[PDB]
Structures are given as structure tokens and as C-alpha cells.
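Report on one structure; see the data block that follows.
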RNA sequence: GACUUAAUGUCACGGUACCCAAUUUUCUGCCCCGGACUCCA
RNA sequence: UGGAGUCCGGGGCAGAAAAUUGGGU
Ligand SMILES: [Mg+2]
Ligand SMILES: [Zn+2]
Ligand SMILES: [Zn+2]
Ligand SMILES: [Zn+2]
Ligand SMILES: [Zn+2]
């Protein structure tokens, strides 16, 4: 009579808001969700409600199951025949049912003995309820021979808790882009998948059928089902407000956008990175510590504050805590800074009796051969019932409530439908709302196909792929083009289930299954999910097992076992013996070569072109966000990915380094666009160019799918990642810039041990020969080194040495006159300053027509220069990765000792060093701006006691006054200690208005901040100059001069009216942006807004005396240098009247001989921490490097070639110890190749340099280069007296501080007390001496 | 009971949150003169 | 009434500026 039945889901079932049948047509979502579960609210506010399943829907499922069961049994179930049943209600006779069947009614041959009526009816009619008192309108529950009550959820209830709203999708087959999308709620089957209802049956006769119907109901509301008969976020936001405010107080608001990312990356790490303080620490002996994690938040370090927050918010998970903290920081930073839904006929279907209906069940694992991405809408708008950018992660991956990676049934089904459409060779676009089922083969097969929403046993956080778009014109980041994608790890396995209820297993579905397989010799081709063009979600079907239900003769076993819906993983795990009766292994699965649609449509659909890139230089695809959260404190580290190991069932411990499929695809796209000119198109809207056809428009899809360039040589390298320090040298002073010092952590590539990056891309079937040739040409361009991988390509990083495709796919004869002073002084009695300042002049030529990188301009030159750098003096390029390279830190604590710069044991000159030295020389040649300048640096000079505006009884009186004052102070201290404290600070008067400008008060603040006291803090605090501290405030007893100077004490330091940037002329300032133009140096070598057109590779050593060899040093090849101290602009600019002298250039001298011959003295007198020990090259060492230039004008190329090889006796200065004579390097061009690849003859090279000279003459207003005054000064600055057969050995050294200081030459005036004195040497004469190169300084000219 | 179904008709497993974009642009691991404040003849 | 003086010591920066999403169906 009455039975209670529970329907249990095994997929996230579809939930829609319940509406009355009259009110349902108003909303399209409810029209779509008629076959879904229905959610009805309670109360107001749309927050609480109950979910249920209408008994009409369960009745429809039961009726479909009964129709199927009777068709397989030819209308006779359990020996009692059933008629075809009636499924047509005429409007005139009665009201139409609320749901009208648009599908084929699966009929049979009616063998009923008598026509069914109210008195007698077959079980089909009883279950249909044709003849009971109940009709279309409902009166009472006792009028139903069959009654399906509403199925109420068993477990107030909140919609967001039960269901999650997700935008689904319809994707066009031809273009690969979505035609439209729609929203659905996917409720939790794990917690809310059981719905209990009541079915009443007045007529017991049909009972045996009805129960079986519950067995054959496979899916309901979008989920496979079986029917059985029986606020921390607010607190985190407030804390993130505190952190953002603390960053604001430090003027570091932008770093919050960094922090909000890094905090999120912490979710990949465990809580230990906060609990065990595994965040990177700052540099050794650094007061500020880490630039991010040591930022003081409410007076405590950011790492400590994060630890306190984690302890406070330990109630929520570490992943949730870090996600919400990063999101809140992101939102506070942001604040502080086609939905398509959806003639009745009764079409019978009578399958032939001879043909039998079976059910195939295919189980397996979808393993992500590449990182997968299943797009989902942001959690902000994913709230069910609710259907500033406020999205921390741009692209979020689809997960569960348990954070498990989920492949939705919808995405898997859509990918399978696409693959089936390809395999059949033809198909239809899925039409929505069609009253007639589509007759296409694809749709017919898909109606028989059921798939299971697969979720992984892996819940670890997704990795973040950072994608940018390069601006083709300037080859820099497009403005606004930066986003993050949540991607699941590759190798992750999902339980794949595919049921096919059909007469025979189609050949095309077998072809698709074989296509998705990898087996042994093929690759899995299940392009599930999105971002496929960037090689996302290429899945492989593995561990496959296909079984068979004989539904025509063994249907009862299927009904009993419910088709094992929800037990498919157990079936995959179980063996052949444990299979249930009626489920036999399907051993007829045709092999891969047997499927005609596979070889004719699926095998050639995506052709795999796999290759290996040999990178002969260090490769840095920067991952800064990970570097912020990882130990080592590196500003940029190489990108590494998390790979899931199925065998270990966990992420592999050591990440796989790779050049991103996004980076790979972008490199290829840029190559193709530049070779075709399509990259230069302003917009690609409704475009059809070759680049758009190959790589996809906003409407079509990419015909080429790039995957990651996995590093496969990593095991070979003993130290895979190389630490390369970089610095920016101020143009005016040869010292480093104030804040521009950093370090990179690329992969240690080298010409002898290149990094092998194996990567593949898939070519769409039917690719044009033009497009295939374009792809091959782009691959050759990568092979030819045109496009370096990763960042710092212009500095030498990521230079591609070669490419292996898989089998199954000149001298400059100028002799400079030199300087007359060293030539006349053949006995070398004169002494010259180690550095002199070249003032080319304030006039700087800026070109506003910026040469673009969007194409290789035909008239402009593009090629490679092979040059032979040769050291004329010992070269010191220290490998500052390890400050203990020589392993003498233990013997001498605090002593920095480096090896020569080497990658994998072979000596090198980093291309950044060569690029910087050549850039300095070129900017001196072309009168370019001071690209690197300490503009913020101020100037201060000690004033002596002069300050020309332009005994026993006295000692006893002083002593008595001091004693009386101390007695008074002690008496007041006895009276009140605080009163004495104030008296000493001057807050209160002790018995016995010139306005202050902002700049003057700022000068006082800098004097206080730059005050250099005693080193020892114990004596410093007592003996330091006592001021109330920090900034000038009300009540500070101070000194002033008419006012001009606000000094804390008498005889303090004068401060300059203008900073160093103010001292420098306006035209010489570094170029900012591109609107005002770029100087020749900044146009050639590039700026922050414009990528440079010259890339300097790493200079590899070949031959020569390998090292400078010396007895004294512990390493015989090493050498200890003198005290290299910071350049003093106060000497070059003695007073505020003096202007910036110009670029600092160091003389070419054998002053290293003095250092080498005085090694014991340098080691004994100099404190170990002050000086450094280095591995040192010798004279004659030969390195070779490549200057890869693109779109270079003829005069630009000529000037660059003149910069490389200036003349016969003109060389350069490179590496450490330049003021000590080290680094005199002679560069000689072996060859100049230019492609449009042809070697340029010497005559053409000379014509380039000759017409480069013409540009210099034009700017000033075989060529002699010294006729140009500033070029003459620059070349004598770089003239090498000892290079030729000349016997000149000039004495070039810094003066000592005073006579008593060590190193003072006895009897000479070469002392800084003498030279800094205005009487012995006035300021203007000193500046003139510093400005005229090779001016004698011991006898001053 | 009701919330919440209508019964001779639910292909919604009828729909891939899909397509487009190079974590990159610039930078010499570099370097010499200062660093303090008073004293009373 | 103004006189100019007493010291030989000492590291620095260690990332900066940008882009942090836009279009489509
Ligand atoms: Mg009825
Ligand atoms: Zn009947
Ligand atoms: Zn179709
Ligand atoms: Zn185009
Ligand atoms: Zn410039």
C-alpha cells in the first residue's frame, strides 16, 4: 500500500528555486529546472528554506524506467503483459499535463488480452494512473492508485550551505568559444543527497513493476541516484586593515598588493611557514631585515604579526586563514587605491526484438598530463539565491566544499560531446528548447551516455599561474594585463565513469575513449576544462576497465544492484572475480588501430610537435610571489610547478622547473606576429590575420595548443639554481644606486651544460601550409636565439643556444693621441686620480619616434655581434652568490671572499656587467642622460670652525662653575627627577622669531638621521650628540644662521640647497615614460617603459693565462684588494655652487701591481671586514660574447660597434676594483651577422661606424673621433698608456686621508687634507682637475 | 499533516564558464674621502 | 678685542618604479 523510499544522490544534483506552475514561466531558470530539485524559502530575506523533489518528477523518472523495462522485456514484466499505455491528453477532453513529453516514447508490441479500462488495467496503466479518480487537478491523496509524495530532504537550512551556484556553459564547436552560459545550483550530495518520500499504491497488482522502476531510475535532477525502500572573516578584515594602515605609514601601500598575493601563496605551504618562522629573513647584519616580512606592523614585524594572527585565527583552517587574509588585504588595497536558458507530438519507438539492449560501464582515471583549469565564477557572485573589482584571484578553479579538485559532469560531458562530434565527422550545434529531439548522431549517442561528476582525493590548494600580456610596440607589459589562474597539479587523477545504454557500443565512442587514452605509445587527448590553448587540462584515460550488463536477460540483477550507481570506484578497484552477476567484463573493446573514426578524425585532430630547447645561458622565468614566501630572500626566482605523483598519492617533494605554457605560447605568438607583421595591428577585433587564425581571436579558438617547457636536465646540475647578484651603478658616481641592488635566482644554464627544456605544442588538423611554415619559422627563430625565454633576456638570461626537434614530429684602426701629461712623464713621477668626470654637456638629443618591437623593420638592422673581450689588466667579476667562495671566512671572520663569476664551473662575465659598461660608454659617446642617478641623494659638507661669513685661574673658574651647575642639577634631581630630566633636555628653563622653511627643517632632519656616531653602542649612547630625536619639533634648542642652516649643534654639517637630482641639469635626468622621448643611450638600451633593442649575452671564457697568480695569498690565484669605499659626491661637488661634474670614468693603469705586491700589507693593516678577497683573472684572458640587436639603425649599429671597439689604444673598465687598475678589457668584434643571416664585410662595418660618426658630428654641430671634444675626453679617459709598445706606467692612485694615515707617500703633498683645503687647492681648481682626464694630481696642473 | 507536487506525456546527462593576452620592462655587485663638536687665548 | 682648533677613522645599498586584470559570448 504505502511505502517510504529514499532517493540518494552521488553527484552534486541540480537545484532551482521553486515556483508555482503559473509563476514558473516568469523565470527562465525555473523553466530550465523543471526536472531539478526545488528549493522553497521560509520567512523573509531569502536565506532559509527547504529543498525537495516533486513527486511529479519522481513519477516521470519511474515512468521512464518502466517504459525502458517493458521495452527490454517486450512489454511483459514478471509474466503479466502490459499494453503500450497512453501518453496523449487532448486539450478538449481534458487539461494538458503540466509537463509535456518532447522525447520518443519507447514502445513495444501490445500483447494485452483485453483493452485496459477503469475496472481492469495492466501494471503500466496502474503506474501511469490513467483510470484512478485522480486527474490533472489534485483533490485528495486517496484518489490516487499511484501517488508520489514530495521527497523532502532529511538532515533553518541555508541555501548557501546546501547548494553552490555555478555558471554552466555552451561552447561552439567550430570556434571553440562559448555561445552562451547559464546559472545552476549544485547541491551537496555528500550531506544533503538523501530525499525521503512516500509512494502509495492502492492497486497491489503493479507493485512488482513499480519497485523495479526504482531500480532502473539511474539519474535525477542532474545527478546519478538510487532509490531504496525502507565571524572570523570580520576579525581577519580588521587585522588586515591594521596591516594595510601600517604599510601606509611606511609609504609601502603598493607592497600590500604583493603581500595579498604572498599571503595567498602561504596556503600552498603549511602553517609551519608561519609557525616555524620559515619566511625568508633579510640580508645578514641588515637593520631593516626583509623588505616585506619585517615591515613593522603596530610596532612588531610583519612575520610576528602574522604568527599572532594565525594563533588568533587557528579555529579556521590554515588554507582558509591565508586565503581570507590575502583576500581581505586585497580588498582593502583596492579600496585604499549572455545568460541563456531554454507543436507537441507523440513519437513512438519500437526497437526490433532481434536487437538486444545492453549497458556498457567504463571506469578509469582521468590523469592530468598537464596542469588543469576548470573555470568557475568568483565566490563573490557564486552565492546561491543572489543571482571595486573585488576578486583577489582573477580565474578561480572549480573545487568542492571540501576543496577537492572537481571535474564537473557538465564539463566532462561537453568535452566528450565535442570529441564524439569530431569522431563522427559531422554533428549539430546543441539547440536549446527544441520541441523535437535532434536526429544527429552525436545527440543520439549522447542521450545514451551518462557520466559521473569526478572529484579527486586531493584537496591541496591550487597553484597560481601569473599571466601577463606583452605590449608589442614596447615589448613590455601591456597596461592592465596581469592576472592569476588557479590551476590544479598535473598528474592528478579523477574517477572517470561512463555508462552507455544502447543496442551496440558505437564505433565513434570507442574511438573517443581510445583518443583519451595514453596506453604505452600514445598521449591522452581529453582536453577537459578551459585554457586549452595554454595546454590546460590535457587528460589521459588510464586504468580503464569496461564491463557489460545484459539488460535484456539479466535486468533483474541490474535492478537489484542499481547499476552500481555510486559504487563505480569500488568496481574499478575490484577484480574480475568480485564483479556482480550480470556484469561481465567487456573483452570486445576494439583496439586503437581498429577504430576508423579514430584514425580518420581523432588521430590527426591534434598533431604533437615536441622539441627541446637548449638554453646556453641562465634562465629566469621570474616567480617573485613564491620568492617572497620561500627561504633565501631572493628578489626573483625561477618558476617551478607542483606536479602530482599518482604512485605516491601526493605532490612530488621537489617541484619541476618549467617555462610556462603561457610564456611558451606567448613567445611563439610574438614570433609569428613579428614575422608576419600581425603583431603590429592596433586591434584584432573581427580579424582574420595569420597570427589570429593560428593563435585564436576573441571569437575563434587557437589552432595551436602549447604546453609547459619542462626542464629535463635538472638532475645533471649539481646546483640547479644560480644566484646572480645585480646592481645599478650611478652614472655620476661609479658607486651603486641608493636602492637599486638586487639578485636573481635563474636556472644555472651554460653553453657547456645547457638547460634542456622539453616542450610540445599541438597543431590543429587541417592546418594551412602557410600557417605550418609560419610555425616552423617561429620555431627556427627560437632556435636561432631571437626570442630568449623568461626575463632579463636583454641582460643575457634565457638565451636559447639551440633547438632539437623530435624525430616523430674586424678591427678598429683608430689610434687615439692619448694625453700629453703621461706621455711627457716617461719616468712616471706624476700621480693621477683613479677616476675623472666626463662632462659631455647638458645638451641631450631625444628621439620621440620610438622604434617599436612589434615587427622586424626591413630597413632597420637586426642581427648578432660576436665579440672577443680581452683583459689587459687582471679582471675581477666576483661570484657574489657565495661570499665565502674562497672558504677563508673561518680563518678571517667577516671577510668577504668570492670566486670569479662561474656557472657550472666555467668562468663567465654576466651579460648585465657587459651591458652596463657598454651602456655607460655609449651614453658618454652619445651625450645621453644619466640613466641611473641618485636624484634623492642630498649633499652635505662638514664646516670647519672658520665659517667665514664674508690660565690656571680661568680653569679653576670653569671647574667651579661646572661643580656649582652639577650641584644645582643634583639638588633639582633630588627635588624631582623628572624636573632634572627636563632641565637637561631644555624643556624647562634653568636660572643662571625667524621662520623655519620646510627645506631647512628637512635639512636638520637629514643631519640628525645621517649623523655618524661611534661604532660601539655602549659608548655611543652616552657620547652621541644629544637631540630629542627624529624631526624638528616645538621646543628644540637649536642653532640657526641667517635663515640658512638649522643645525643641532655648533659646527654641524652644511646641507645643500638642492639635492643631487637638483644639481644635475634637467636634460641629463633619466628619461621617464615615452612621451618626452628617449636619449640615444636610453633608446638603444631601453628604459622601464621600453624594452631595449640590444641584448648582451654571457661572455664565456676560452683561452689565455687563466688566473693572476701570486705567492702570498692563501689561494695562489686569488688577490685581496684595498678598501673599496663609497664614492663621495662631496669631493666632486665641494659646495652648492658647484654643479655635477659628469660621468665617473676610471683610468686605465697598472695600479693592480701595487695591490699585488703589497698583499701582505693589505691583509695585515686593513681590517678583514673592510676589504674583500677575490679570484682574479690575468692579462690576456679572452672571453667571447654576443650582442643580439634588433631594429637598430645604421648609425646606431655603427655607434654600438665603435663602443665595443673604440680604437687601438682605447679599452674599457669592467668588474670590481676599477679605481685600482683592474678590469681593463679590450673588446674586438669577431663578426657581425645581420638577417632580414649574412655576415657583414669589414667595409660595411666601417661604413656603419663612419656614419655613426656622422650622427655624432651632427649632434655636436676613417674618422678621427677626437675632433669631437667630449669624445676626445672620453677616449683619453679610456686611453690605455701601456697597451702599445709605449713604456708608460702611470702612477694612478687615490690620495691618503692625511700624513699620518697608512699608505702615505713620504714627502709628497698627495694627501686629502692638502687637496680638500681651499688654500692649497681651491674648489674650482679641484673640480677642473677632476674634470680634465689624466691631469696630474700630486703636482697639480 | 503543511511548508512543497500533480498524475495518460519532464531528451535539461539539451549546454565544456568557454575564447584572447610572454611575470615582464630598465638597472655594471659596484665603489675613497671624509666622520664627529666645540675650545677660551 | 676676537681667535680657529682637536681627531684618525669609517662601510653603503641590498631592490626601486610600473602593470594586479581587460575585453568578448
Ligand atoms: Mg489518474
Ligand atoms: Zn494498459
Ligand atoms: Zn547534435
Ligand atoms: Zn589578427
Ligand atoms: Zn635616457
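In UniProt numbering, the protein residues as written are 1 to 155, 161 to 235, 263 to 369, 382 to 386, 394 to 438, 446 to 867, 894 to 1034, 1171 to 1212, 1318 to 1367, 1373 to 1566, 1574 to 1598, 1608 to 1687. All C-beta atoms in this analysis are idealised placements derived from N, C-alpha and C, irrespective of residue type, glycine included.
Would you call residue i buried or exposed, if buried means 16 or more other Cβ atoms sit within 10 Å of its Cβ?
| i | result |
| --- | --- |
| residue 1345 | exposed |
| residue 530 | buried |
| residue 1476 | buried |
| residue 1554 | buried |
| residue 1001 | buried |
| residue 749 | buried |
| residue 997 | buried |
| residue 422 | buried |
| residue 1502 | buried |
| residue 486 | exposed |
| residue 330 | exposed |
| residue 1385 | buried |
Grab me the residues of residue i's own chain with a C-beta within less than 7 Å of its C-beta, minus the 5 sequence neighbours each way, in chain order.
| i | result |
| --- | --- |
| residue 1654 | 1684 |
| residue 434 | 165, 170 |
| residue 416 | 551, 552, 553, 554, 600, 601 |
| residue 348 | 264 |
| residue 724 | 528 |
| residue 1207 | 1360 |
Just to confirm my understanding: we take residue i, look at its own chain, exclude 5 residues before and 5 after, and list those with CB closer than 6 Å. What are they?
| i | result |
| --- | --- |
| residue 1507 | 955, 958, 959 |
| residue 1656 | 915, 1641, 1684 |
| residue 1510 | 1434, 1435 |
Please report the residue range of the beta strand (DSSP E) in which residue i lies.
| i | result |
| --- | --- |
| residue 350 | Unbroken run through residue 350 is the alpha helix (DSSP H), 350-368; no beta strand (DSSP E). |
| residue 1385 | 1383-1385 |
| residue 1180 | Per DSSP, residue 1180 belongs to no beta strand (DSSP E); it is in the alpha helix (DSSP H), 1172-1195. |
| residue 419 | 409-419 |
| residue 174 | 168-176 |
| residue 1364 | 1364-1366 |
| residue 1461 | Element bounds for residue 1461: not the beta strand (DSSP E) but the alpha helix (DSSP H), 1459-1462. |
| residue 230 | 228-234 |
| residue 67 | From DSSP, residue 67 is part of no beta strand (DSSP E) but of the alpha helix (DSSP H) over 55-72. |
Quick one: give me the first and last residue of the alpha helix (DSSP H) that residue i is part of.
| i | result |
| --- | --- |
| residue 1617 | 1615-1623 |
| residue 220 | 212-221 |
Which residue from the options puts its Cα closest to that of residue i?
| i | options | result |
| --- | --- | --- |
| residue 95 | 747, 299, 136 | 136 |
| residue 83 | 113, 464, 89, 1323 | 113 |
| residue 1003 | 1498, 898, 1544 | 1544 |
| residue 1480 | 323, 1639, 1592 | 1639 |
| residue 729 | 1564, 843, 924 | 843 |
| residue 756 | 66, 180, 1622, 50 | 180 |
| residue 655 | 1193, 516, 478, 611 | 478 |
In chain order, what residues of the same chain lie with their CB nearer than 8 Å to the CB of residue i, ignoring the 5 residues before and after it?
| i | result |
| --- | --- |
| residue 420 | 548, 549, 576, 581, 582, 596, 597, 598 |
| residue 643 | 603, 604, 605, 606, 634, 637 |
| residue 209 | 1 |
Runs of beta strand (DSSP E) wholly within the segment 917-947 (minimum 3 residues, chain order): Those beta strand (DSSP E) runs which fall completely within the segment 917-947 and span 3+ residues are 919-922.
Complete runs of the beta strand (DSSP E) confined to the UniProt domain "CRISPR type III-associated protein" (952-1020) [at least 3 residues]: Given a length threshold of 3 residues, each whole run of the beta strand (DSSP E) inside the UniProt domain "CRISPR type III-associated protein" (952-1020) is given here in chain order: 980-984, 990-993.
Within the segment 695-734, ranges of the beta strand (DSSP E) (whole runs, at least 3 residues): Entirely contained in the segment 695-734, the beta strand (DSSP E) runs reaching 3 residues are, in chain order, 714-717.
Length at least 4, wholly inside the UniProt domain "CRISPR type III-associated protein" (457-597): the alpha helix (DSSP H) runs in chain order: Runs of the alpha helix (DSSP H) inside the UniProt domain "CRISPR type III-associated protein" (457-597): 467-482, 499-506, 565-574.
Around ligand 7, Cβ to any heavy atom closer than 6 Å, ordered along the chain: Ligands present in the displayed structure are limited to ligand 1, ligand 2, ligand 3, ligand 4 and ligand 5, and ligand 7 is not among them.
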